[PDB]
Structure formats: structure tokens, C-alpha cells
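Visitor: Coordinates in input.cif, mmCIF, N, CA and C atoms, are listed below.
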data_protein
loop_
_atom_site.label_atom_id
_atom_site.label_comp_id
_atom_site.auth_asym_id
_atom_site.auth_seq_id
_atom_site.Cartn_x
_atom_site.Cartn_y
_atom_site.Cartn_z
N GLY A 1 94.56 98.22 84.40
CA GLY A 1 94.20 96.97 83.75
C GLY A 1 94.65 96.96 82.29
N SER A 2 94.66 95.77 81.72
CA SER A 2 95.07 95.61 80.33
C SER A 2 95.02 94.13 79.94
N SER A 3 95.02 93.90 78.63
CA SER A 3 94.98 92.54 78.12
C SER A 3 95.72 92.47 76.78
N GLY A 4 96.77 91.67 76.77
CA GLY A 4 97.57 91.50 75.57
C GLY A 4 98.23 92.82 75.16
N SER A 5 99.39 92.70 74.54
CA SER A 5 100.13 93.87 74.09
C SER A 5 100.87 93.55 72.79
N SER A 6 101.66 92.49 72.83
CA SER A 6 102.42 92.08 71.67
C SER A 6 102.91 90.64 71.85
N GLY A 7 103.34 90.05 70.74
CA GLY A 7 103.84 88.68 70.76
C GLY A 7 104.92 88.51 71.83
N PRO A 8 106.19 88.79 71.41
CA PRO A 8 107.32 88.67 72.31
C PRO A 8 107.35 89.83 73.31
N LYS A 9 107.90 89.55 74.48
CA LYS A 9 108.00 90.56 75.52
C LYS A 9 109.48 90.86 75.80
N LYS A 10 109.79 92.14 75.83
CA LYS A 10 111.16 92.57 76.08
C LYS A 10 111.76 91.72 77.20
N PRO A 11 112.60 90.73 76.78
CA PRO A 11 113.24 89.84 77.73
C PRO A 11 114.38 90.55 78.46
N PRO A 12 114.95 89.84 79.47
CA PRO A 12 116.05 90.39 80.25
C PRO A 12 117.35 90.37 79.45
N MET A 13 118.43 90.74 80.13
CA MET A 13 119.74 90.76 79.50
C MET A 13 120.74 89.90 80.27
N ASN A 14 121.00 90.32 81.50
CA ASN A 14 121.93 89.61 82.36
C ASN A 14 121.17 88.54 83.15
N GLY A 15 120.29 89.02 84.03
CA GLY A 15 119.50 88.13 84.85
C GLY A 15 118.80 88.89 85.98
N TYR A 16 119.44 89.97 86.40
CA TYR A 16 118.89 90.80 87.47
C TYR A 16 117.56 91.41 87.05
N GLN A 17 117.44 91.68 85.76
CA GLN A 17 116.23 92.27 85.22
C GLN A 17 115.10 91.23 85.20
N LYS A 18 115.50 89.97 85.18
CA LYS A 18 114.54 88.88 85.16
C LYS A 18 113.82 88.82 86.51
N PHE A 19 114.61 88.66 87.56
CA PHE A 19 114.06 88.59 88.90
C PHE A 19 113.18 89.80 89.20
N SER A 20 113.66 90.96 88.76
CA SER A 20 112.93 92.20 88.98
C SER A 20 111.56 92.12 88.30
N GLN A 21 111.59 91.92 86.99
CA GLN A 21 110.36 91.83 86.22
C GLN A 21 109.32 90.99 86.98
N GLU A 22 109.82 89.99 87.69
CA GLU A 22 108.95 89.11 88.45
C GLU A 22 108.28 89.89 89.59
N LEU A 23 109.09 90.68 90.28
CA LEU A 23 108.58 91.48 91.38
C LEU A 23 107.67 92.58 90.84
N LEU A 24 107.83 92.86 89.55
CA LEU A 24 107.04 93.88 88.90
C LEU A 24 105.73 93.26 88.39
N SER A 25 105.80 91.97 88.11
CA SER A 25 104.64 91.25 87.61
C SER A 25 103.93 90.55 88.77
N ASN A 26 104.67 90.35 89.85
CA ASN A 26 104.12 89.70 91.03
C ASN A 26 103.24 90.69 91.79
N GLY A 27 103.86 91.78 92.22
CA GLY A 27 103.14 92.81 92.96
C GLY A 27 103.42 92.69 94.46
N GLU A 28 104.60 92.18 94.78
CA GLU A 28 104.99 92.02 96.17
C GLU A 28 105.33 93.38 96.79
N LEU A 29 105.81 94.28 95.94
CA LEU A 29 106.17 95.61 96.39
C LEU A 29 105.27 96.64 95.71
N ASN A 30 104.00 96.28 95.59
CA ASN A 30 103.03 97.16 94.97
C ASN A 30 102.46 98.11 96.02
N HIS A 31 103.05 98.06 97.20
CA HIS A 31 102.61 98.91 98.30
C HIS A 31 103.35 100.24 98.24
N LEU A 32 104.49 100.22 97.57
CA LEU A 32 105.30 101.42 97.43
C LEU A 32 105.34 101.84 95.96
N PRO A 33 105.87 103.07 95.73
CA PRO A 33 105.97 103.59 94.38
C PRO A 33 107.11 102.92 93.61
N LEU A 34 107.01 102.99 92.29
CA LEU A 34 108.02 102.39 91.43
C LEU A 34 109.40 102.65 92.03
N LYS A 35 109.69 103.92 92.26
CA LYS A 35 110.97 104.31 92.83
C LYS A 35 111.40 103.26 93.86
N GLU A 36 110.68 103.23 94.97
CA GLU A 36 110.98 102.29 96.03
C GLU A 36 111.08 100.87 95.47
N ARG A 37 110.07 100.49 94.71
CA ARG A 37 110.03 99.17 94.11
C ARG A 37 111.42 98.79 93.58
N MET A 38 111.89 99.58 92.62
CA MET A 38 113.19 99.34 92.02
C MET A 38 114.25 99.12 93.10
N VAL A 39 114.55 100.19 93.83
CA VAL A 39 115.54 100.12 94.88
C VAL A 39 115.29 98.87 95.73
N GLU A 40 114.04 98.71 96.13
CA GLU A 40 113.66 97.57 96.95
C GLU A 40 114.07 96.26 96.26
N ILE A 41 113.87 96.24 94.95
CA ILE A 41 114.21 95.06 94.16
C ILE A 41 115.72 94.82 94.25
N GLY A 42 116.47 95.78 93.73
CA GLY A 42 117.92 95.68 93.74
C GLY A 42 118.42 95.06 95.05
N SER A 43 117.73 95.40 96.13
CA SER A 43 118.09 94.88 97.44
C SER A 43 117.78 93.38 97.51
N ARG A 44 116.52 93.06 97.25
CA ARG A 44 116.09 91.67 97.28
C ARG A 44 117.01 90.80 96.42
N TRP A 45 117.41 91.37 95.29
CA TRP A 45 118.28 90.66 94.37
C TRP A 45 119.64 90.47 95.06
N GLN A 46 119.97 91.43 95.92
CA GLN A 46 121.22 91.38 96.64
C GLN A 46 121.11 90.42 97.83
N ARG A 47 119.92 89.86 97.99
CA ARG A 47 119.67 88.92 99.07
C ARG A 47 119.83 87.48 98.58
N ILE A 48 119.15 87.19 97.49
CA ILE A 48 119.20 85.86 96.91
C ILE A 48 120.66 85.40 96.83
N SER A 49 120.83 84.13 96.48
CA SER A 49 122.16 83.56 96.37
C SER A 49 122.56 83.44 94.89
N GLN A 50 123.81 83.06 94.68
CA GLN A 50 124.32 82.90 93.32
C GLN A 50 123.34 82.09 92.48
N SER A 51 122.95 80.95 93.02
CA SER A 51 122.02 80.07 92.33
C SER A 51 120.95 80.90 91.61
N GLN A 52 120.13 81.56 92.41
CA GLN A 52 119.06 82.39 91.87
C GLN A 52 119.57 83.18 90.66
N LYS A 53 120.40 84.17 90.95
CA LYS A 53 120.96 85.01 89.90
C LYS A 53 121.34 84.13 88.70
N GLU A 54 122.08 83.07 89.00
CA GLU A 54 122.51 82.14 87.96
C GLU A 54 121.31 81.64 87.16
N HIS A 55 120.30 81.18 87.90
CA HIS A 55 119.09 80.67 87.27
C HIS A 55 118.50 81.74 86.35
N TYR A 56 118.18 82.88 86.95
CA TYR A 56 117.60 83.98 86.19
C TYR A 56 118.49 84.36 85.01
N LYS A 57 119.79 84.21 85.22
CA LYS A 57 120.76 84.53 84.18
C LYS A 57 120.64 83.51 83.04
N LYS A 58 120.45 82.26 83.43
CA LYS A 58 120.32 81.19 82.46
C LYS A 58 119.02 81.38 81.67
N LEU A 59 117.96 81.67 82.40
CA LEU A 59 116.66 81.88 81.78
C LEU A 59 116.77 83.00 80.75
N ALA A 60 117.37 84.10 81.17
CA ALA A 60 117.54 85.24 80.30
C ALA A 60 118.04 84.77 78.93
N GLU A 61 118.93 83.78 78.97
CA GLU A 61 119.49 83.23 77.75
C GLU A 61 118.41 82.52 76.94
N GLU A 62 117.54 81.82 77.66
CA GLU A 62 116.45 81.09 77.03
C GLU A 62 115.37 82.06 76.56
N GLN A 63 115.06 83.01 77.43
CA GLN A 63 114.04 84.01 77.12
C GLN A 63 114.40 84.75 75.83
N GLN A 64 115.64 85.22 75.78
CA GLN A 64 116.12 85.95 74.62
C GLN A 64 116.21 85.02 73.41
N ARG A 65 116.29 83.73 73.70
CA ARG A 65 116.38 82.73 72.65
C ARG A 65 115.01 82.51 72.01
N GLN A 66 114.00 82.39 72.86
CA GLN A 66 112.64 82.17 72.40
C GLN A 66 112.11 83.43 71.71
N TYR A 67 112.33 84.56 72.37
CA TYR A 67 111.89 85.84 71.84
C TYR A 67 112.34 86.02 70.39
N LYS A 68 113.42 85.33 70.05
CA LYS A 68 113.97 85.40 68.70
C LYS A 68 112.97 84.78 67.72
N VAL A 69 112.64 83.53 67.98
CA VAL A 69 111.70 82.81 67.13
C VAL A 69 110.32 83.45 67.24
N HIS A 70 109.97 83.81 68.47
CA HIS A 70 108.68 84.43 68.73
C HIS A 70 108.45 85.57 67.74
N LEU A 71 109.51 86.34 67.51
CA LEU A 71 109.43 87.46 66.58
C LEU A 71 109.02 86.94 65.20
N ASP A 72 109.55 85.78 64.85
CA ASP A 72 109.24 85.17 63.57
C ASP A 72 107.82 84.61 63.60
N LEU A 73 107.49 83.99 64.73
CA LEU A 73 106.18 83.40 64.90
C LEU A 73 105.11 84.49 64.76
N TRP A 74 105.47 85.68 65.22
CA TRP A 74 104.56 86.81 65.15
C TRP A 74 104.47 87.26 63.69
N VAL A 75 105.54 87.00 62.96
CA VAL A 75 105.60 87.37 61.55
C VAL A 75 104.73 86.40 60.74
N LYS A 76 104.89 85.12 61.04
CA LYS A 76 104.14 84.09 60.35
C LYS A 76 102.64 84.43 60.42
N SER A 77 102.30 85.24 61.41
CA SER A 77 100.92 85.65 61.59
C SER A 77 100.64 86.94 60.83
N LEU A 78 101.66 87.78 60.77
CA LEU A 78 101.55 89.05 60.07
C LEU A 78 100.87 88.83 58.72
N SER A 79 99.79 89.56 58.50
CA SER A 79 99.05 89.46 57.25
C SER A 79 100.00 89.63 56.07
N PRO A 80 99.42 89.52 54.84
CA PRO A 80 100.19 89.66 53.62
C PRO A 80 100.54 91.13 53.36
N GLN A 81 99.85 92.00 54.07
CA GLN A 81 100.07 93.43 53.93
C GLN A 81 101.07 93.92 54.98
N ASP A 82 100.91 93.40 56.19
CA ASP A 82 101.78 93.77 57.29
C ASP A 82 103.17 93.19 57.05
N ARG A 83 103.20 91.88 56.82
CA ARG A 83 104.45 91.19 56.58
C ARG A 83 105.21 91.86 55.43
N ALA A 84 104.45 92.29 54.44
CA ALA A 84 105.04 92.95 53.28
C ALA A 84 105.81 94.19 53.74
N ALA A 85 105.33 94.77 54.82
CA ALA A 85 105.96 95.97 55.37
C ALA A 85 107.13 95.55 56.26
N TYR A 86 106.81 94.81 57.30
CA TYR A 86 107.83 94.34 58.23
C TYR A 86 109.09 93.92 57.49
N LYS A 87 108.89 93.15 56.43
CA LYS A 87 110.00 92.67 55.63
C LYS A 87 110.77 93.86 55.06
N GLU A 88 110.02 94.84 54.57
CA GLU A 88 110.61 96.03 54.00
C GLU A 88 111.77 96.52 54.88
N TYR A 89 111.57 96.39 56.18
CA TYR A 89 112.59 96.81 57.13
C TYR A 89 113.67 95.75 57.29
N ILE A 90 113.25 94.50 57.16
CA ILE A 90 114.17 93.38 57.28
C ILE A 90 115.26 93.51 56.21
N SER A 91 114.84 93.39 54.96
CA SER A 91 115.76 93.49 53.84
C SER A 91 116.69 94.69 54.04
N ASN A 92 116.08 95.83 54.35
CA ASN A 92 116.84 97.05 54.56
C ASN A 92 117.97 96.77 55.55
N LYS A 93 117.60 96.22 56.70
CA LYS A 93 118.57 95.91 57.73
C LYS A 93 119.30 94.61 57.36
N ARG A 94 120.28 94.27 58.18
CA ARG A 94 121.05 93.06 57.96
C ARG A 94 121.44 92.95 56.48
N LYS A 95 121.96 91.78 56.13
CA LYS A 95 122.38 91.53 54.76
C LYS A 95 122.24 90.04 54.45
N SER A 96 121.13 89.70 53.81
CA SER A 96 120.86 88.32 53.45
C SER A 96 122.13 87.67 52.91
N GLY A 97 122.28 86.39 53.23
CA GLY A 97 123.45 85.64 52.79
C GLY A 97 123.09 84.71 51.62
N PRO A 98 123.80 84.92 50.48
CA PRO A 98 123.57 84.12 49.29
C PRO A 98 124.17 82.72 49.45
N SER A 99 124.12 81.97 48.36
CA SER A 99 124.65 80.62 48.37
C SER A 99 125.30 80.30 47.02
N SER A 100 125.97 79.16 46.97
CA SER A 100 126.63 78.73 45.74
C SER A 100 125.83 77.61 45.08
N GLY A 101 125.67 76.53 45.83
CA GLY A 101 124.93 75.38 45.33
C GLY A 101 123.69 75.11 46.17
#
Show how you would write the structure in this file as C-alpha cells.

Guide:
Amino acid sequence: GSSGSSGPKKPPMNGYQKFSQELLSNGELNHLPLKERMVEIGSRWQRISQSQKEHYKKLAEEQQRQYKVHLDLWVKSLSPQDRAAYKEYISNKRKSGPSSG
């Protein structure tokens, strides 16, 4: 059991991971061990049609899109002490872009 973990959730990449996560969150193959689950999944994924994969693939794009802002939304919540830290890593990483006018 469990309740809540973090704002954004590690989204998929291609799309196959999307459908899987579903079978992992659904519990359709909760009768077998993870091992089987996975393999079992890969199979089920090999059953669906292009559409499905395509759909899940499209979603992945949206999921990864939302997770982007979500990260910020989670920041907007980050206290003045936490955010002060999180940012510490932000500035460090990437390279803010200046402006002229």
C-alpha cells in the first residue's frame, strides 16, 4: 500500500512503456511475478495494433509535455527554503538566456 509520492510521475518515452505502466497500475497480470509481468506485457503490446501503440506513443508526448510544467507547478509549491535549494541546482545546470531589450 501507499499514498502519494511526488508531483510528476516518470512518464514514458516511446509508448510501449505507457501501455505497460498501465498493466502495472491495472493489475491484470498481478497473478504472476514482475518477471512474467514484463515479458507478459511485451507480448500483449505485441498483440495490440498500430493504433494503440500510436496512441500510447502520442500520449507519451503529452505526458512528457505535462510533466514538464508539472515540475514547475511542484516548484511553485516549493517553500521559500526548498525552492531556494532546487533553484541552486537549476542555475548550476543549463544556462539562462539573457536579453537585449

Visitor: Give me, as a PDB file with N, CA and C atoms, in the coordinates of the input, all polymer residues having an atom no more than 6 Å from residue 15 (chain A), counting only N, CA and C atoms and skipping those fewer than 5 positions away in the same chain.

Guide:
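Okay, this is what ended up in around.pdb:
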ATOM      1  N   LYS A  53     120.400  84.170  90.950  1.00  0.00           N
ATOM      2  CA  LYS A  53     120.960  85.010  89.900  1.00  0.00           C
ATOM      3  C   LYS A  53     121.340  84.130  88.700  1.00  0.00           C
ATOM      4  N   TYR A  56     118.180  82.880  86.950  1.00  0.00           N
ATOM      5  CA  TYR A  56     117.600  83.980  86.190  1.00  0.00           C
ATOM      6  C   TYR A  56     118.490  84.360  85.010  1.00  0.00           C
ATOM      7  N   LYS A  57     119.790  84.210  85.220  1.00  0.00           N
ATOM      8  CA  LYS A  57     120.760  84.530  84.180  1.00  0.00           C
ATOM      9  C   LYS A  57     120.640  83.510  83.040  1.00  0.00           C
ATOM     10  N   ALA A  60     117.370  84.100  81.170  1.00  0.00           N
ATOM     11  CA  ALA A  60     117.540  85.240  80.300  1.00  0.00           C
ATOM     12  C   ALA A  60     118.040  84.770  78.930  1.00  0.00           C
TER      13      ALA A  60
END

Visitor: Report the residues of region 9-83 of chain A whose backbone DSSP state falls under alpha helix (DSSP H), written as a PyMOL selection string.

Guide: chain A and resi 16-26+34-45+50-77+82-83

Visitor: What does the file look like for those residues with N, CA and C atoms, as a short mmCIF file (atom, residue, chain, number, x, y, z; two decimals), keeping the file's coordinate frame?

Guide:
data_model
loop_
_atom_site.label_atom_id
_atom_site.label_comp_id
_atom_site.auth_asym_id
_atom_site.auth_seq_id
_atom_site.Cartn_x
_atom_site.Cartn_y
_atom_site.Cartn_z
N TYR A 16 119.44 89.97 86.40
CA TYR A 16 118.89 90.80 87.47
C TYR A 16 117.56 91.41 87.05
N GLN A 17 117.44 91.68 85.76
CA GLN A 17 116.23 92.27 85.22
C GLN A 17 115.10 91.23 85.20
N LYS A 18 115.50 89.97 85.18
CA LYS A 18 114.54 88.88 85.16
C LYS A 18 113.82 88.82 86.51
N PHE A 19 114.61 88.66 87.56
CA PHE A 19 114.06 88.59 88.90
C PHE A 19 113.18 89.80 89.20
N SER A 20 113.66 90.96 88.76
CA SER A 20 112.93 92.20 88.98
C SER A 20 111.56 92.12 88.30
N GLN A 21 111.59 91.92 86.99
CA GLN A 21 110.36 91.83 86.22
C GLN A 21 109.32 90.99 86.98
N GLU A 22 109.82 89.99 87.69
CA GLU A 22 108.95 89.11 88.45
C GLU A 22 108.28 89.89 89.59
N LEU A 23 109.09 90.68 90.28
CA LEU A 23 108.58 91.48 91.38
C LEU A 23 107.67 92.58 90.84
N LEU A 24 107.83 92.86 89.55
CA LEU A 24 107.04 93.88 88.90
C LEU A 24 105.73 93.26 88.39
N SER A 25 105.80 91.97 88.11
CA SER A 25 104.64 91.25 87.61
C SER A 25 103.93 90.55 88.77
N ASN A 26 104.67 90.35 89.85
CA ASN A 26 104.12 89.70 91.03
C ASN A 26 103.24 90.69 91.79
N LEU A 34 107.01 102.99 92.29
CA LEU A 34 108.02 102.39 91.43
C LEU A 34 109.40 102.65 92.03
N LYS A 35 109.69 103.92 92.26
CA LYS A 35 110.97 104.31 92.83
C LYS A 35 111.40 103.26 93.86
N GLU A 36 110.68 103.23 94.97
CA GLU A 36 110.98 102.29 96.03
C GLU A 36 111.08 100.87 95.47
N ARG A 37 110.07 100.49 94.71
CA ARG A 37 110.03 99.17 94.11
C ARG A 37 111.42 98.79 93.58
N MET A 38 111.89 99.58 92.62
CA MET A 38 113.19 99.34 92.02
C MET A 38 114.25 99.12 93.10
N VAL A 39 114.55 100.19 93.83
CA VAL A 39 115.54 100.12 94.88
C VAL A 39 115.29 98.87 95.73
N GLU A 40 114.04 98.71 96.13
CA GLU A 40 113.66 97.57 96.95
C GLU A 40 114.07 96.26 96.26
N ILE A 41 113.87 96.24 94.95
CA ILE A 41 114.21 95.06 94.16
C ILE A 41 115.72 94.82 94.25
N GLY A 42 116.47 95.78 93.73
CA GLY A 42 117.92 95.68 93.74
C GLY A 42 118.42 95.06 95.05
N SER A 43 117.73 95.40 96.13
CA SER A 43 118.09 94.88 97.44
C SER A 43 117.78 93.38 97.51
N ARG A 44 116.52 93.06 97.25
CA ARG A 44 116.09 91.67 97.28
C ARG A 44 117.01 90.80 96.42
N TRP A 45 117.41 91.37 95.29
CA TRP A 45 118.28 90.66 94.37
C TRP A 45 119.64 90.47 95.06
N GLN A 50 123.81 83.06 94.68
CA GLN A 50 124.32 82.90 93.32
C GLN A 50 123.34 82.09 92.48
N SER A 51 122.95 80.95 93.02
CA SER A 51 122.02 80.07 92.33
C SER A 51 120.95 80.90 91.61
N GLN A 52 120.13 81.56 92.41
CA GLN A 52 119.06 82.39 91.87
C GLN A 52 119.57 83.18 90.66
N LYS A 53 120.40 84.17 90.95
CA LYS A 53 120.96 85.01 89.90
C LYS A 53 121.34 84.13 88.70
N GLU A 54 122.08 83.07 89.00
CA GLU A 54 122.51 82.14 87.96
C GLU A 54 121.31 81.64 87.16
N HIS A 55 120.30 81.18 87.90
CA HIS A 55 119.09 80.67 87.27
C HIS A 55 118.50 81.74 86.35
N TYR A 56 118.18 82.88 86.95
CA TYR A 56 117.60 83.98 86.19
C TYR A 56 118.49 84.36 85.01
N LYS A 57 119.79 84.21 85.22
CA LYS A 57 120.76 84.53 84.18
C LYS A 57 120.64 83.51 83.04
N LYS A 58 120.45 82.26 83.43
CA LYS A 58 120.32 81.19 82.46
C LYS A 58 119.02 81.38 81.67
N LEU A 59 117.96 81.67 82.40
CA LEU A 59 116.66 81.88 81.78
C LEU A 59 116.77 83.00 80.75
N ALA A 60 117.37 84.10 81.17
CA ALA A 60 117.54 85.24 80.30
C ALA A 60 118.04 84.77 78.93
N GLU A 61 118.93 83.78 78.97
CA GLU A 61 119.49 83.23 77.75
C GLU A 61 118.41 82.52 76.94
N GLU A 62 117.54 81.82 77.66
CA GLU A 62 116.45 81.09 77.03
C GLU A 62 115.37 82.06 76.56
N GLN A 63 115.06 83.01 77.43
CA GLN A 63 114.04 84.01 77.12
C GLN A 63 114.40 84.75 75.83
N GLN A 64 115.64 85.22 75.78
CA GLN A 64 116.12 85.95 74.62
C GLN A 64 116.21 85.02 73.41
N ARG A 65 116.29 83.73 73.70
CA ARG A 65 116.38 82.73 72.65
C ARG A 65 115.01 82.51 72.01
N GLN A 66 114.00 82.39 72.86
CA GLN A 66 112.64 82.17 72.40
C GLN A 66 112.11 83.43 71.71
N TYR A 67 112.33 84.56 72.37
CA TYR A 67 111.89 85.84 71.84
C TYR A 67 112.34 86.02 70.39
N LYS A 68 113.42 85.33 70.05
CA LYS A 68 113.97 85.40 68.70
C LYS A 68 112.97 84.78 67.72
N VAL A 69 112.64 83.53 67.98
CA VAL A 69 111.70 82.81 67.13
C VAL A 69 110.32 83.45 67.24
N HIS A 70 109.97 83.81 68.47
CA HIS A 70 108.68 84.43 68.73
C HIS A 70 108.45 85.57 67.74
N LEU A 71 109.51 86.34 67.51
CA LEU A 71 109.43 87.46 66.58
C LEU A 71 109.02 86.94 65.20
N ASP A 72 109.55 85.78 64.85
CA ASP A 72 109.24 85.17 63.57
C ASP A 72 107.82 84.61 63.60
N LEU A 73 107.49 83.99 64.73
CA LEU A 73 106.18 83.40 64.90
C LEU A 73 105.11 84.49 64.76
N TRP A 74 105.47 85.68 65.22
CA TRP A 74 104.56 86.81 65.15
C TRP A 74 104.47 87.26 63.69
N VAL A 75 105.54 87.00 62.96
CA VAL A 75 105.60 87.37 61.55
C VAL A 75 104.73 86.40 60.74
N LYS A 76 104.89 85.12 61.04
CA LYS A 76 104.14 84.09 60.35
C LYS A 76 102.64 84.43 60.42
N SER A 77 102.30 85.24 61.41
CA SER A 77 100.92 85.65 61.59
C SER A 77 100.64 86.94 60.83
N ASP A 82 100.91 93.40 56.19
CA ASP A 82 101.78 93.77 57.29
C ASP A 82 103.17 93.19 57.05
N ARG A 83 103.20 91.88 56.82
CA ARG A 83 104.45 91.19 56.58
C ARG A 83 105.21 91.86 55.43
#

Visitor: Given the file shown, enumerate the residues that the PyMOL selection byres (((chain A and resi 17 and name CA) around 12) and name CA) captures and present them as a list in words.

Guide: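 This file, filtered by the PyMOL selection byres (((chain A and resi 17 and name CA) around 12) and name CA), leaves residues 10, 11, 12, 13, 14, 15, 16, 18, 19, 20, 21, 22, 23, 24, 25, 38, 41, 42, 45, 53, 56, 57, 59, 60 and 63 of chain A.
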
Visitor: Please, what distance in Å, to one decimal, runs between atom N of residue 78 (chain A) and atom N of residue 99 (chain A)?

Guide: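 Atom-to-atom, atom N of residue 78 (chain A) and atom N of residue 99 (chain A) are spaced 26.3 Å apart.
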
Visitor: One number please: atom N of residue 58 (chain A) to atom N of residue 75 (chain A), in Å, one decimal.

Guide: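 These atoms are spaced 25.8 Å apart.
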
Visitor: Measure the distance from CA of residue 79 (chain A) to CA of residue 98 (chain A) in Å and round it to one decimal.

Guide: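 The value is 26.3 Å.
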
Visitor: My structure is short of atoms at region 59-75 of chain A; please model N, CA, C and O atoms there, returning them as a PDB file, keeping the file's coordinate frame.

Guide:
ATOM      1  N   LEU A  59     117.960  81.670  82.400  1.00  0.00           N
ATOM      2  CA  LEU A  59     116.660  81.880  81.780  1.00  0.00           C
ATOM      3  C   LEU A  59     116.770  83.000  80.750  1.00  0.00           C
ATOM      4  O   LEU A  59     116.315  82.846  79.611  1.00  0.00           O
ATOM      5  N   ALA A  60     117.370  84.100  81.170  1.00  0.00           N
ATOM      6  CA  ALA A  60     117.540  85.240  80.300  1.00  0.00           C
ATOM      7  C   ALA A  60     118.040  84.770  78.930  1.00  0.00           C
ATOM      8  O   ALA A  60     117.626  85.286  77.899  1.00  0.00           O
ATOM      9  N   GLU A  61     118.930  83.780  78.970  1.00  0.00           N
ATOM     10  CA  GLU A  61     119.490  83.230  77.750  1.00  0.00           C
ATOM     11  C   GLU A  61     118.410  82.520  76.940  1.00  0.00           C
ATOM     12  O   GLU A  61     118.378  82.611  75.719  1.00  0.00           O
ATOM     13  N   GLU A  62     117.540  81.820  77.660  1.00  0.00           N
ATOM     14  CA  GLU A  62     116.450  81.090  77.030  1.00  0.00           C
ATOM     15  C   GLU A  62     115.370  82.060  76.560  1.00  0.00           C
ATOM     16  O   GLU A  62     114.845  81.927  75.455  1.00  0.00           O
ATOM     17  N   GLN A  63     115.060  83.010  77.430  1.00  0.00           N
ATOM     18  CA  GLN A  63     114.040  84.010  77.120  1.00  0.00           C
ATOM     19  C   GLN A  63     114.400  84.750  75.830  1.00  0.00           C
ATOM     20  O   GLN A  63     113.572  84.882  74.931  1.00  0.00           O
ATOM     21  N   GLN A  64     115.640  85.220  75.780  1.00  0.00           N
ATOM     22  CA  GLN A  64     116.120  85.950  74.620  1.00  0.00           C
ATOM     23  C   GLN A  64     116.210  85.020  73.410  1.00  0.00           C
ATOM     24  O   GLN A  64     116.195  85.475  72.268  1.00  0.00           O
ATOM     25  N   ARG A  65     116.290  83.730  73.700  1.00  0.00           N
ATOM     26  CA  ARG A  65     116.380  82.730  72.650  1.00  0.00           C
ATOM     27  C   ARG A  65     115.010  82.510  72.010  1.00  0.00           C
ATOM     28  O   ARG A  65     114.889  82.454  70.784  1.00  0.00           O
ATOM     29  N   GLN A  66     114.000  82.390  72.860  1.00  0.00           N
ATOM     30  CA  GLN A  66     112.640  82.170  72.400  1.00  0.00           C
ATOM     31  C   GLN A  66     112.110  83.430  71.710  1.00  0.00           C
ATOM     32  O   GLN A  66     111.531  83.359  70.632  1.00  0.00           O
ATOM     33  N   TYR A  67     112.330  84.560  72.370  1.00  0.00           N
ATOM     34  CA  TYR A  67     111.890  85.840  71.840  1.00  0.00           C
ATOM     35  C   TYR A  67     112.340  86.020  70.390  1.00  0.00           C
ATOM     36  O   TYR A  67     111.724  86.757  69.623  1.00  0.00           O
ATOM     37  N   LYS A  68     113.420  85.330  70.050  1.00  0.00           N
ATOM     38  CA  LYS A  68     113.970  85.400  68.700  1.00  0.00           C
ATOM     39  C   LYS A  68     112.970  84.780  67.720  1.00  0.00           C
ATOM     40  O   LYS A  68     112.542  85.439  66.774  1.00  0.00           O
ATOM     41  N   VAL A  69     112.640  83.530  67.980  1.00  0.00           N
ATOM     42  CA  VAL A  69     111.700  82.810  67.130  1.00  0.00           C
ATOM     43  C   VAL A  69     110.320  83.450  67.240  1.00  0.00           C
ATOM     44  O   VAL A  69     109.616  83.611  66.247  1.00  0.00           O
ATOM     45  N   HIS A  70     109.970  83.810  68.470  1.00  0.00           N
ATOM     46  CA  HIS A  70     108.680  84.430  68.730  1.00  0.00           C
ATOM     47  C   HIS A  70     108.450  85.570  67.740  1.00  0.00           C
ATOM     48  O   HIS A  70     107.351  85.726  67.211  1.00  0.00           O
ATOM     49  N   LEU A  71     109.510  86.340  67.510  1.00  0.00           N
ATOM     50  CA  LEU A  71     109.430  87.460  66.580  1.00  0.00           C
ATOM     51  C   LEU A  71     109.020  86.940  65.200  1.00  0.00           C
ATOM     52  O   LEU A  71     108.250  87.598  64.499  1.00  0.00           O
ATOM     53  N   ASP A  72     109.550  85.780  64.850  1.00  0.00           N
ATOM     54  CA  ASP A  72     109.240  85.170  63.570  1.00  0.00           C
ATOM     55  C   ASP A  72     107.820  84.610  63.600  1.00  0.00           C
ATOM     56  O   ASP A  72     107.075  84.735  62.635  1.00  0.00           O
ATOM     57  N   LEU A  73     107.490  83.990  64.730  1.00  0.00           N
ATOM     58  CA  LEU A  73     106.180  83.400  64.900  1.00  0.00           C
ATOM     59  C   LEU A  73     105.110  84.490  64.760  1.00  0.00           C
ATOM     60  O   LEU A  73     104.021  84.235  64.258  1.00  0.00           O
ATOM     61  N   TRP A  74     105.470  85.680  65.220  1.00  0.00           N
ATOM     62  CA  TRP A  74     104.560  86.810  65.150  1.00  0.00           C
ATOM     63  C   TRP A  74     104.470  87.260  63.690  1.00  0.00           C
ATOM     64  O   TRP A  74     103.452  87.808  63.267  1.00  0.00           O
ATOM     65  N   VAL A  75     105.540  87.000  62.960  1.00  0.00           N
ATOM     66  CA  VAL A  75     105.600  87.370  61.550  1.00  0.00           C
ATOM     67  C   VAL A  75     104.730  86.400  60.740  1.00  0.00           C
ATOM     68  O   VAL A  75     103.956  86.826  59.886  1.00  0.00           O
TER      69      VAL A  75
END
